[PDB]
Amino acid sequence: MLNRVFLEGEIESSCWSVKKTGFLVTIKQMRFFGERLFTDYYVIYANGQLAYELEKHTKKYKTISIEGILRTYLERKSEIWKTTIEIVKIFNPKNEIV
């Protein structure tokens, strides 16, 4: 069904899967809401060839803007259902969206 996410954030860290099947990148969104600042952390990822385009952006830019779908998965020897974004398209940092 319907599932589209447009997210942009600052790159905090990133690494490969165990099998190095996919590249996970943690992005951060930090902002003032009321009298206080709230900071959000998101784990987006890419598989296949796209995991290399993702990893290169990591080496090039401090911020990333992507397109993708919301997903969750169960961490085995970890017990937890984690939420993440699977990337569909990375954007040109020098370009806006709308």
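From 1 onward, residues are counted along the sequence shown.
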Open item on the list: Which is higher on mean Cα B factor in this entry, 66-74 or 27-35?
Closed with: 27-35
TODO: Decide which of the stretches 89-97 and 1-9 has the higher mean C-alpha B-factor, going by the entry.
DONE: 89-97
TODO: Ordered by C-alpha B-factor within the chain, which third holds residue 17? Give me lowest, middle or highest, please.
DONE: highest
Open item on the list: Where does the C-alpha B-factor of residue 42 rank in its chain, lowest, middle or highest third?
Closed with: lowest
